[PDB]
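Here the structure comes first, spelled out in structure tokens, and everything after it is commentary.
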Amino acid sequence: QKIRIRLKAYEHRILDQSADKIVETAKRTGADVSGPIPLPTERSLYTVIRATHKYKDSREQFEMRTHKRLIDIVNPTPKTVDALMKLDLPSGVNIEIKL
Amino acid sequence: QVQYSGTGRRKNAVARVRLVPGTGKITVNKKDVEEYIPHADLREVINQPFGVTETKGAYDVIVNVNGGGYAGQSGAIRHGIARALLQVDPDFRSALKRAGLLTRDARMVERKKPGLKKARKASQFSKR
Amino acid sequence: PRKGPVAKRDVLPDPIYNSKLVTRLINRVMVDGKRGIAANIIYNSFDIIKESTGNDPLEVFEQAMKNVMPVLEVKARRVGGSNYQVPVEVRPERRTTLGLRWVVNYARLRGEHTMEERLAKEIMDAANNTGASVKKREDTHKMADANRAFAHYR
Amino acid sequence: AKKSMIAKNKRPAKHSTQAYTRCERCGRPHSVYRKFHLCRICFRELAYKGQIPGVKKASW
Amino acid sequence: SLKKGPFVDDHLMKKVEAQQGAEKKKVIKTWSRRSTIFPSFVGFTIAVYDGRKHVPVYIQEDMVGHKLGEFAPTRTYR
Amino acid sequence: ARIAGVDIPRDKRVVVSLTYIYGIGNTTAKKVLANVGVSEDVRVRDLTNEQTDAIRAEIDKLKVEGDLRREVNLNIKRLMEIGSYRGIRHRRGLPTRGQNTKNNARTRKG
RNA sequence: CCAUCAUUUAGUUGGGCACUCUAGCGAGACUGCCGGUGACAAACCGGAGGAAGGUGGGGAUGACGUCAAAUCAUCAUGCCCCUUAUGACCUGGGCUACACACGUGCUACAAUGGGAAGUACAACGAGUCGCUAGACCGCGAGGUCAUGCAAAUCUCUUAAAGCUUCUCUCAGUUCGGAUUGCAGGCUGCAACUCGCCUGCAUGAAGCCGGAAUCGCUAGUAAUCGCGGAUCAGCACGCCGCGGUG
Ligand SMILES: [Zn+2]
């Protein structure tokens with residue numbers, strides 16, 4: 001509703017931590033923030049041969065999960081915009097605010 | 001009205017079943033169970049809980065099913081119908097319990113391993 | 001195996017006739033896991049049995065089974081470098097196993113234009129002490145009760 | 001010859017269908033992943049040491 | 001299947017246009033085995049490099065849609 | 001005699017018996033029988049002398065005869081007498097399309 | 001997502017988070033109770049309850065050592081060798097050659113089948129100069145105008161075996177689809193040597209395979225399709241997924 005967040009990360013611990021940060025500092029100055037809704041956690045898969053020259057019949061498999069989290073804000077106020085676009089922690093987590 | 005709801009799972013398929021007093025009939029996904037699963041006789045697998053306990057009518061059955069194949073999502077329907085019958089009267093948890101009809105079948109598709117043709121079939125060998 | 005004997009693989013009695021024997025017969029006709037085709041075949045065959053000079057498909061089927069199953073089978077063994085064969089008894093499950101196996105194998109080799117025209121005809125010929133299945137049983141009984149010679153002290 | 005060929009790989013190609021990928025640490029031309037720009041067995045080497053962010057060993 | 005106009009090379013077509021006037025020379029020596037035989041190549045004698053040498057091929061009329069490489073093989077069996 | 005060239009078989013439907021003339025496959029028989037209006041009806045050739053002449057006059061507009069074998073023959077003949085790489089292979093019993101001859105000539109060379 | 005309500009082509013729009021689902025945090029399985037065997041011991045056999053019972057099912061995890069096993073061509077590196085050439089740049093040709101022998105696969109030898117019409121049911125994954133909705137043109141592979149989407153929102157994607165009708169009749173055949181002729185499409189500066197696909201025509205061997213030999217103990221074997229890494233294009237190979245069983 002005319003303001004909403006999106007957060008991607010590789011660790012759900014950091015993800016939930018920052019989601020609680022934003023939810024708390026949002027409902028401190030406003031009201032009615034839709035919960036941190038979870039999204040379905042994309043996954044990839046990489047198979048590789050673990051030997052430099054021969055032996056195709058023995059491999060090692062890797063992956064990279066990407067956790068997702070959604071937060072929608074209802075009825076912002078000329079102070080929520082301020083108190084939201086300023087908090088920034090932590091480092092390796094993607095934030096994308098679309099109106 | 002009064003109604004009874006249960007949830008049934010089998011082999012990548014999940015069903016949502018509703019028991020309602022009536023005259024004995026079942027419709028699934030807005031079609032008739034004679035047409036939705038018209039295979040041969042899987043219906044006689046579905047109507048087994050009514051056959052063993054709460055013998056045998058009369059409830060119209062309304063189900064919402066999605067996932068798996070035609071033979072998985074009928075064992076799932078059976079699972080759900082049994083759970084719903086259990087909900088009606090708890091005294092049924094013995095006759096049903098004796099004849100299976102209450103457990104989830106945890107027989108899923110085994111995963112493929114590398115270096116093998118399938119989950120367990122290996123390549124052809126030659127001693128020389 | 002090596003550890004010791006194993007279980008018996010419980011079967012699920014088919015709902016039409018409520019008979020575990022029809023279940024195993026469906027399982028033996030089936031090839032490649034296409035089970036609905038095998039079921040249609042068995043049911044058309046029983047319809048053909050009852051419609052034409054029949055009483056009930058279970059009755060004539062049981063009698064055909066009784067006339068085909070063996071009661072004395074031999075086993076070719078090795079001792080120390082010379083091999084022979086000796087008769088032995090036959091436990092019950094192996095009996096019905098062999099019966100079903102022979103009936104299906106020798107109906108599959110008939111030479112008509114439908115598996116039903118073969119199966120119904122063959123188990124009718126069997127319930128009247130005829131057909132290569134009964135002759136296979138009698139070959140077995142004749143091999144036994146003769147090769148008891150080098151079996152009398154085995 | 002593997003020092004002139006890395007040089008020849010980085011100059012602009014003479015035709016559209018003449019460019020090809022190589023590894024960036026080494027110059028291996030076979031089996032390179034084009035999300036990382038790493039070959040078959042530098043991936044397995046930098047996955048250990050936890051340098052590539054994301055990637056880890058999979059089991060299920 | 002170049003239904004968007006068949007394919008010659010500029011050097012080859014330049015040379016053939018240049019000789020189009022009078023009676024022709026056997027010295028049209030090009031590598032160019034990808035070019036097709038346009039209906040103006042008739043009567044000349046093209047030299048087609050086969051990876052080792054320059055084989056001459058005389059262009060009759062029945063050869064009018066094929067390529068210049070179809071008349072100079074490369075393998076040398078028996 | 002029978003309805004084209006020689007000897008369209010008996011006892012079969014026309015949509016299949018018409019296949020037996022060199023140059024008539026399966027869709028061509030359909031199109032020929034449809035430009036007239038003849039069906040199969042049922043598993044026999046019990047036509048009329050108007051149906052035979054009907055399905056006879058239209059085959060004349062195609063190349064279904066020993067007029068086709070001539071075309072194919074003289075095509076391979078033109079091939080092998082210019083250069084020609086395809087014809088050179090036609091003259092050795094070897095695959096003429098690029099086939100990596102390790103087994104793929106048992107058809108082409110027996 | 002749609003159970004209690006109105007509404008339309010419809011979960012769509014008003015409404016709701018009940019159910020399914022998604023994903024964080026917890027519970028639950030321990031021979032833990034009950035009977036017998038056994039040196040009363042460890043352990044084994046049977047029962048109750050429960051979704052699950054005896055390491056519930058599967059993965060990752062590979063000791064001291066053996067074969068001077070494999071790799072100076074992923075990368076490094078001691079010693080030796082070349083240096084107006086064993087270094088370097090370009091076009092065209094092999095790497096795809098064919099009297100044959102060996103290994104690993106795919107398609108079949110048909111009626112538990114081939115052909116025509118109708119009706120159904122999944123899961124894992126991929127996408128910005130990419131995935132293409134829809135409408136039209138072409139018998140077809142495809143083409144044109146155009147639309148949504150950086151994605152639980154749009155697309156790839158109506159899965160194939162299956163089921164129901166109508167045929168065909170035991171034949172080298174309405175089985176099989178090798179090989180060859182002609183005409184096209186797509187990517188690419190360019191498909192002769194040497195690509196994939198389409199249509200019409202042709203229609204080979206093959207009627208279940210000796211000695212010998214291989215895989216597999218349950219959602220497994222057998223059978224059926226779908227996705228993506230690599231990649232303009234190019235898969236019967238490889239890695240995964242689910243259906244019938
Ligand atoms: Zn590398």
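Note on naming: chains are A, B, ... as they come in the structure tokens, residues start from 1 per chain, ligands start from 1 in the order shown.
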Give me, as a PDB file with N, CA, C and O atoms (P, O5', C5', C4', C3', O3' and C1' of nucleotides), in the first residue's frame, the set of residues whose atoms come within 8 Å of any atom of ligand 1, counting only C-alpha atoms (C1' of nucleotides) and all ligand atoms.
ATOM      1  N   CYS D  23      38.962 -19.150 -18.233  1.00  0.00           N
ATOM      2  CA  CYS D  23      39.018 -18.855 -16.815  1.00  0.00           C
ATOM      3  C   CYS D  23      39.790 -17.560 -16.593  1.00  0.00           C
ATOM      4  O   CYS D  23      40.504 -17.074 -17.470  1.00  0.00           O
ATOM      5  N   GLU D  24      39.632 -16.986 -15.408  1.00  0.00           N
ATOM      6  CA  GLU D  24      40.283 -15.720 -15.106  1.00  0.00           C
ATOM      7  C   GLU D  24      41.523 -15.877 -14.245  1.00  0.00           C
ATOM      8  O   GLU D  24      42.492 -15.140 -14.429  1.00  0.00           O
ATOM      9  N   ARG D  25      41.525 -16.817 -13.305  1.00  0.00           N
ATOM     10  CA  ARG D  25      42.763 -17.141 -12.613  1.00  0.00           C
ATOM     11  C   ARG D  25      43.745 -17.817 -13.557  1.00  0.00           C
ATOM     12  O   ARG D  25      44.801 -17.262 -13.876  1.00  0.00           O
ATOM     13  N   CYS D  26      43.395 -19.005 -14.041  1.00  0.00           N
ATOM     14  CA  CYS D  26      44.153 -19.691 -15.074  1.00  0.00           C
ATOM     15  C   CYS D  26      43.619 -19.268 -16.440  1.00  0.00           C
ATOM     16  O   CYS D  26      42.906 -18.272 -16.571  1.00  0.00           O
ATOM     17  N   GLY D  27      43.981 -19.999 -17.480  1.00  0.00           N
ATOM     18  CA  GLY D  27      43.457 -19.699 -18.791  1.00  0.00           C
ATOM     19  C   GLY D  27      42.751 -20.897 -19.375  1.00  0.00           C
ATOM     20  O   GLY D  27      42.709 -21.070 -20.593  1.00  0.00           O
ATOM     21  N   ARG D  28      42.207 -21.736 -18.510  1.00  0.00           N
ATOM     22  CA  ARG D  28      41.567 -22.957 -18.961  1.00  0.00           C
ATOM     23  C   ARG D  28      40.389 -22.612 -19.864  1.00  0.00           C
ATOM     24  O   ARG D  28      39.578 -21.750 -19.508  1.00  0.00           O
ATOM     25  N   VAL D  32      33.992 -23.722 -18.116  1.00  0.00           N
ATOM     26  CA  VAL D  32      33.974 -22.522 -17.292  1.00  0.00           C
ATOM     27  C   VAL D  32      32.525 -22.142 -17.019  1.00  0.00           C
ATOM     28  O   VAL D  32      31.667 -22.247 -17.900  1.00  0.00           O
ATOM     29  N   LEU D  38      34.872 -18.758 -13.620  1.00  0.00           N
ATOM     30  CA  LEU D  38      35.854 -19.656 -13.035  1.00  0.00           C
ATOM     31  C   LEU D  38      35.680 -21.044 -13.630  1.00  0.00           C
ATOM     32  O   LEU D  38      34.565 -21.462 -13.939  1.00  0.00           O
ATOM     33  N   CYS D  39      36.784 -21.765 -13.764  1.00  0.00           N
ATOM     34  CA  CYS D  39      36.768 -23.050 -14.446  1.00  0.00           C
ATOM     35  C   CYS D  39      36.343 -24.157 -13.487  1.00  0.00           C
ATOM     36  O   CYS D  39      35.952 -23.921 -12.342  1.00  0.00           O
ATOM     37  N   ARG D  40      36.456 -25.394 -13.954  1.00  0.00           N
ATOM     38  CA  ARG D  40      35.923 -26.531 -13.218  1.00  0.00           C
ATOM     39  C   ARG D  40      36.589 -26.683 -11.857  1.00  0.00           C
ATOM     40  O   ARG D  40      35.924 -27.009 -10.871  1.00  0.00           O
ATOM     41  N   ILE D  41      37.900 -26.452 -11.780  1.00  0.00           N
ATOM     42  CA  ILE D  41      38.650 -26.797 -10.576  1.00  0.00           C
ATOM     43  C   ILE D  41      39.438 -25.618 -10.035  1.00  0.00           C
ATOM     44  O   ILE D  41      40.510 -25.793  -9.456  1.00  0.00           O
ATOM     45  N   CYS D  42      38.928 -24.414 -10.250  1.00  0.00           N
ATOM     46  CA  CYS D  42      39.150 -23.306  -9.335  1.00  0.00           C
ATOM     47  C   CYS D  42      37.921 -23.040  -8.491  1.00  0.00           C
ATOM     48  O   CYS D  42      38.030 -22.510  -7.383  1.00  0.00           O
ATOM     49  N   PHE D  43      36.755 -23.409  -9.015  1.00  0.00           N
ATOM     50  CA  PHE D  43      35.518 -23.359  -8.254  1.00  0.00           C
ATOM     51  C   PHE D  43      35.610 -24.229  -7.010  1.00  0.00           C
ATOM     52  O   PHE D  43      35.330 -23.774  -5.898  1.00  0.00           O
TER      53      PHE D  43
ATOM     54  P     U G  74      46.859 -30.916 -16.520  1.00  0.00           P
ATOM     55  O5'   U G  74      46.317 -29.441 -16.261  1.00  0.00           O
ATOM     56  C5'   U G  74      45.784 -28.653 -17.316  1.00  0.00           C
ATOM     57  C4'   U G  74      45.132 -27.399 -16.788  1.00  0.00           C
ATOM     58  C3'   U G  74      46.054 -26.365 -16.165  1.00  0.00           C
ATOM     59  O3'   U G  74      46.674 -25.528 -17.119  1.00  0.00           O
ATOM     60  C1'   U G  74      44.229 -26.737 -14.734  1.00  0.00           C
TER      61        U G  74
END
Residues flagged alpha helix (DSSP H) by DSSP in chain A, as a list in words: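 DSSP on the backbone gives alpha helix (DSSP H) at residues 12, 13, 14, 15, 16, 17, 18, 19, 20, 21, 22, 23, 24, 25, 26, 27, 80, 81, 82, 83, 84 and 85 of chain A.
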Give me the residues within 9 Å of stretch 34-50 of chain A as a PyMOL selection string, counting only C-alpha atoms (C1' of nucleotides) and dropping any in the same chain fewer than 6 places off. (chain A and resi 16+19-20+23+56-74) or (chain D and resi 40-41+43-44+55+58) or (chain G and resi 22-24+125+152+229+239)
Please compute the atom CA of residue B:59-atom CA of residue B:99 distance, one decimal, in Å. 21.0 Å
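When atom CA of residue B:125 is paired with atom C1' of residue G:57, their separation reads 28.4 Å.
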Would you give me, as an MDAnalysis selection string, the residues of chain G that come within 8 Å of chain D, using only C-alpha atoms (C1' of nucleotides)? chainID G and resid 58:60 74:75 188:189 230 232
Would you save the residues from that selection as a PDB file, in the first residue's frame, using N, CA, C and O atoms (P, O5', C5', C4', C3', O3' and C1' of nucleotides)?
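Generated file (selection26.pdb):
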ATOM      1  P     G G  58      17.754 -46.555   3.020  1.00  0.00           P
ATOM      2  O5'   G G  58      18.118 -45.131   2.398  1.00  0.00           O
ATOM      3  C5'   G G  58      18.173 -44.933   0.994  1.00  0.00           C
ATOM      4  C4'   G G  58      18.323 -43.477   0.619  1.00  0.00           C
ATOM      5  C3'   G G  58      19.694 -42.848   0.787  1.00  0.00           C
ATOM      6  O3'   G G  58      20.629 -43.210  -0.208  1.00  0.00           O
ATOM      7  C1'   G G  58      18.072 -41.366   1.602  1.00  0.00           C
ATOM      8  P     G G  59      22.199 -43.171   0.123  1.00  0.00           P
ATOM      9  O5'   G G  59      22.532 -41.632   0.342  1.00  0.00           O
ATOM     10  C5'   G G  59      22.818 -40.791  -0.764  1.00  0.00           C
ATOM     11  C4'   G G  59      22.912 -39.335  -0.377  1.00  0.00           C
ATOM     12  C3'   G G  59      24.269 -38.832   0.074  1.00  0.00           C
ATOM     13  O3'   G G  59      25.155 -38.609  -1.005  1.00  0.00           O
ATOM     14  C1'   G G  59      22.587 -37.961   1.484  1.00  0.00           C
ATOM     15  P     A G  60      26.707 -38.981  -0.871  1.00  0.00           P
ATOM     16  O5'   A G  60      27.273 -37.897   0.147  1.00  0.00           O
ATOM     17  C5'   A G  60      27.448 -36.550  -0.259  1.00  0.00           C
ATOM     18  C4'   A G  60      27.744 -35.639   0.903  1.00  0.00           C
ATOM     19  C3'   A G  60      29.027 -35.898   1.666  1.00  0.00           C
ATOM     20  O3'   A G  60      30.171 -35.384   1.017  1.00  0.00           O
ATOM     21  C1'   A G  60      27.266 -35.535   3.183  1.00  0.00           C
ATOM     22  P     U G  74      46.859 -30.916 -16.520  1.00  0.00           P
ATOM     23  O5'   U G  74      46.317 -29.441 -16.261  1.00  0.00           O
ATOM     24  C5'   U G  74      45.784 -28.653 -17.316  1.00  0.00           C
ATOM     25  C4'   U G  74      45.132 -27.399 -16.788  1.00  0.00           C
ATOM     26  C3'   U G  74      46.054 -26.365 -16.165  1.00  0.00           C
ATOM     27  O3'   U G  74      46.674 -25.528 -17.119  1.00  0.00           O
ATOM     28  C1'   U G  74      44.229 -26.737 -14.734  1.00  0.00           C
ATOM     29  P     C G  75      48.189 -25.042 -16.918  1.00  0.00           P
ATOM     30  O5'   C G  75      48.257 -24.574 -15.404  1.00  0.00           O
ATOM     31  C5'   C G  75      47.799 -23.295 -14.999  1.00  0.00           C
ATOM     32  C4'   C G  75      47.950 -23.120 -13.509  1.00  0.00           C
ATOM     33  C3'   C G  75      49.374 -23.008 -13.001  1.00  0.00           C
ATOM     34  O3'   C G  75      49.887 -21.696 -13.132  1.00  0.00           O
ATOM     35  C1'   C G  75      48.153 -24.521 -11.644  1.00  0.00           C
ATOM     36  P     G G 188      22.286 -14.577 -35.766  1.00  0.00           P
ATOM     37  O5'   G G 188      23.643 -15.056 -36.433  1.00  0.00           O
ATOM     38  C5'   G G 188      24.803 -15.289 -35.651  1.00  0.00           C
ATOM     39  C4'   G G 188      25.895 -15.918 -36.470  1.00  0.00           C
ATOM     40  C3'   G G 188      26.384 -15.110 -37.657  1.00  0.00           C
ATOM     41  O3'   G G 188      27.329 -14.119 -37.300  1.00  0.00           O
ATOM     42  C1'   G G 188      25.965 -17.328 -38.338  1.00  0.00           C
ATOM     43  P     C G 189      27.251 -12.649 -37.939  1.00  0.00           P
ATOM     44  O5'   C G 189      27.721 -12.849 -39.449  1.00  0.00           O
ATOM     45  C5'   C G 189      27.611 -11.788 -40.389  1.00  0.00           C
ATOM     46  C4'   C G 189      28.423 -12.028 -41.643  1.00  0.00           C
ATOM     47  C3'   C G 189      28.215 -13.349 -42.367  1.00  0.00           C
ATOM     48  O3'   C G 189      27.053 -13.363 -43.176  1.00  0.00           O
ATOM     49  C1'   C G 189      30.524 -12.857 -42.240  1.00  0.00           C
ATOM     50  P     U G 230      26.530 -22.185 -17.935  1.00  0.00           P
ATOM     51  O5'   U G 230      27.459 -22.706 -19.110  1.00  0.00           O
ATOM     52  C5'   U G 230      28.534 -23.583 -18.839  1.00  0.00           C
ATOM     53  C4'   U G 230      28.911 -24.395 -20.045  1.00  0.00           C
ATOM     54  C3'   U G 230      28.778 -23.705 -21.381  1.00  0.00           C
ATOM     55  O3'   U G 230      29.860 -22.826 -21.627  1.00  0.00           O
ATOM     56  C1'   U G 230      28.066 -25.978 -21.510  1.00  0.00           C
ATOM     57  P     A G 232      27.273 -18.715 -27.503  1.00  0.00           P
ATOM     58  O5'   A G 232      26.000 -18.691 -28.447  1.00  0.00           O
ATOM     59  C5'   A G 232      25.243 -17.510 -28.614  1.00  0.00           C
ATOM     60  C4'   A G 232      24.436 -17.540 -29.884  1.00  0.00           C
ATOM     61  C3'   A G 232      23.649 -18.801 -30.177  1.00  0.00           C
ATOM     62  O3'   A G 232      22.463 -18.894 -29.412  1.00  0.00           O
ATOM     63  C1'   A G 232      24.629 -17.938 -32.165  1.00  0.00           C
TER      64        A G 232
END
I'd like the contact shell of residue C:125 - 12 Å cut-off, only C-alpha atoms (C1' of nucleotides), skipping same-chain residues fewer than 3 positions apart - returned as an MDAnalysis selection string. chainID C and resid 49 60:61 63:65 67:68 103 106:107 110 118:122 128:135
Two-atom distance - atom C1' of residue G:237, atom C1' of residue G:194 (Å):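 Value for the atom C1' of residue G:237-atom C1' of residue G:194 distance: 20.3 Å.
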